[PDB]
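Participant: experimental structure and sequence below.
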Amino acid sequence: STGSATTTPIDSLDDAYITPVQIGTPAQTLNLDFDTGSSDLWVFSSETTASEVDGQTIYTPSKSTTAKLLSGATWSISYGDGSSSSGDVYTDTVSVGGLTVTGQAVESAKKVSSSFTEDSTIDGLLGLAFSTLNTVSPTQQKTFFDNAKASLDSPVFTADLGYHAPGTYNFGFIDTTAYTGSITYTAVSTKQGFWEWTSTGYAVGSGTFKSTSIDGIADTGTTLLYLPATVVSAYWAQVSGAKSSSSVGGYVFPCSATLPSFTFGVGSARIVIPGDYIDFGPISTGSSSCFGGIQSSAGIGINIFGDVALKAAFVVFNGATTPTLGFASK
C-alpha cells in the first residue's frame, strides 16, 4: 500500500503545515500538524475543555462506529516551545492520503495549552518520530507510520514541504519526479527517539564551505533552523545591522536587508536554503525589525533542522531495520 497527502502552510510565514486526516467511521476529517519530532497522534475532541477550543474541528468518538476507549490509558506531552496537551485514548481507523491503519491510538485532548487554543488552523498533531517517545501510559502506543509500515510497499515516508506553497507527504514510495539529481542518504541514531543525523558542515552565502560535524534532528514540527551559536553568529555577521535581541528572543535584522543563502552538508552533497526562506518578517505588525529564520540552539540542548531547512529539500525518512535519512535538491 501507499498514501499521498497534500500539506499546506497555515499562514503566510509557513509557521507550520497542516495535512488532512480521516478518523473514524463515517470519516471525520481533521487537519493535523505532521511532526517528525514527536510520536503522539492527538486531536482536539468532544472531550476538550470547552474554553480551550476556539475554531478547531473536533473528533467526536461517540459518533464513530469504529472508536473504542483504550481503557485506563492516559497521555501527557510537553513540546520544545513550552506548549502542552493531555487526555485519554481511543483506538480508531485512521487514513492519510488513502492509506488506512486500523486500531490506531487516537489521543483525545482533555486539556491543551494556550498556543494550541490560539491556533484555530491546527486540529491536532500526528507524530512521526520513533514510537519509543510516545507518551501513552501505562501501555505505550505506536505511531501511524509504525502501524502502517508492514503494509507499505517500502518502509519509508517522504516530506516535500513548500515555500509559501503546498507540498506533499508520501507513505510507502519515493516519487522520483519530485526531486532533481540524486538522493544522498546519511546515518540516523534512534538513541533519543528522533530522526537524528550529522550534517557535514555549512556555508554562508557564496562563502567557502566549512567542514564540521553538526548533530541534529530532522523536525517537521519546528518552524526554524536551530544551530550552534558559532554557526549562527557566522551567518548573521554577513547581514548589516543584524543582532541578537534578548527582548525579542533571538536574531533580528533590518527588514530592508537582502539575506544570504545558507548551505548545509549531507555527506558530500549540499542543500542550499535561499535567503528568502530565512525571512520571518516583522517582529510585530508594521515593524522594520524582522525575525531571523536561523537561530541559536544554545540552551535547547539539541540542533534542529526544522521547516526552514527541510523545505529546501526532498527528504526521505527511511524506516527500514537500519533507519536512514535521505536528502535531495528539488
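Facilitator: Nice, thanks for sending it over. Residues are numbered from 1 along each chain as shown.
Participant: nearest residue to the middle of this structure?
Facilitator: Centroid-nearest residue in the chain, with Cα atoms, centre = their mean: residue 220, separated by 1.8 Å.
Participant: mind giving me the domain ranges of the protein?
Facilitator: 5-174, 175-330 (curated CATH domains).
Participant: chain center to the first one, what's the gap?
Facilitator: Pointing back at domain 5-174 there. Computed by Cα atoms, centre = their mean, to the nearest Å, the chain-centroid distance of domain 5-174 equals 12 Å.
Participant: now do the same end-to-end measure for it.
Facilitator: 13 Å (Cα to Cα, to the nearest Å).
Participant: just stretch 216-231 next, same as before
Facilitator: OK, stretch 216-231 end separation, Cα to Cα: 13 Å.
Participant: that stretch: which residues count as buried?
Facilitator: 216-228, 231 (16 or more other Cβ atoms under 10 Å). For the C-beta atoms, the positions are set from N, CA and C on the backbone; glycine is no exception.
Participant: count of neighbours near residue 94?
Facilitator: 26 (other Cβ atoms under 10 Å).
Participant: so in that sheet, which strands flank whichever strand or helix holds it, and in what orientation?
Facilitator: Per DSSP states H and E: residue 94 is located in strand 84-96. Take DSSP bridges as the rule and strand 84-96 pairs in its sheet with strand 17-23 (antiparallel), strand 68-78 (antiparallel), strand 99-112 (antiparallel).
Participant: in a markdown table, list those along with mean neighbour count and distance to residue 312.
Facilitator: Conversion of the strands paired with strand 84-96 to a markdown table gives the following (neighbours: other Cβ atoms under 10 Å; distance: least, Cβ to Cβ, whole Å):
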| stretch | mean neighbour count | distance to residue 312 |
| --- | --- | --- |
| strand 17-23 | 22 | 14 |
| strand 68-78 | 15 | 28 |
| strand 99-112 | 21 | 26 |
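Participant: ok, which of those comes nearest residue 291?
Facilitator: Closest approach to residue 291 among the strands paired with strand 84-96 (Cβ to Cβ): strand 17-23, 18.8 Å.
Participant: tell me the first helix or strand C-terminal of that closest one.
Facilitator: strand 28-35.
Participant: mind listing what residue 17 touches?
Facilitator: 7-10, 33-34, 161, 167, 220, 307 (Cβ atoms under 8 Å, 6 or more residues apart in numbering).
Participant: got the angle for the strand holding residue 94 vs strand 28-35?
Facilitator: Using axes from the mean of the first three to the mean of the last three Cα atoms, to 10 degrees, the direction of strand 84-96 lies 110 degrees away from that of strand 28-35.
Participant: quick one on the thing from earlier: dump the strands paired with strand 84-96 into CSV; add distance to residue 262 as well.
Facilitator: Output for the strands paired with strand 84-96, formatted as CSV (distance: least, Cβ to Cβ, whole Å):
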stretch, distance to residue 262
strand 17-23, 20
strand 68-78, 29
strand 99-112, 34
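Participant: can you give me the helices for the stretch 201-330 of the chain?
Facilitator: 229-236, 307-310 (DSSP state H, counting those that start in this stretch).
Participant: the residue nearest to the centre of the chain and residue 209: what is the separation?
Facilitator: 26 Å (Cβ to Cβ, to the nearest Å).
Participant: same thing with residue 132?
Facilitator: Taken as Cβ to Cβ, the span from residue 132 to residue 209 is 35 Å.
Participant: equivalent analysis for residue 80, please.
Facilitator: Using Cβ to Cβ, residue 80 is found at 29 Å from residue 209.
Participant: returning to what we had before: could you pull out the buried residues of the strand holding residue 94?
Facilitator: 85-96.
Participant: ok, stretch 114-130 next?
Facilitator: Those would be 116-117, 119, 121-130, for stretch 114-130 by 16+ other Cβ under 10 Å.
Participant: try stretch 38-56
Facilitator: 38-45, 47-48, 52-53, 56.
Participant: that concludes my questions; thank you for your assistance.
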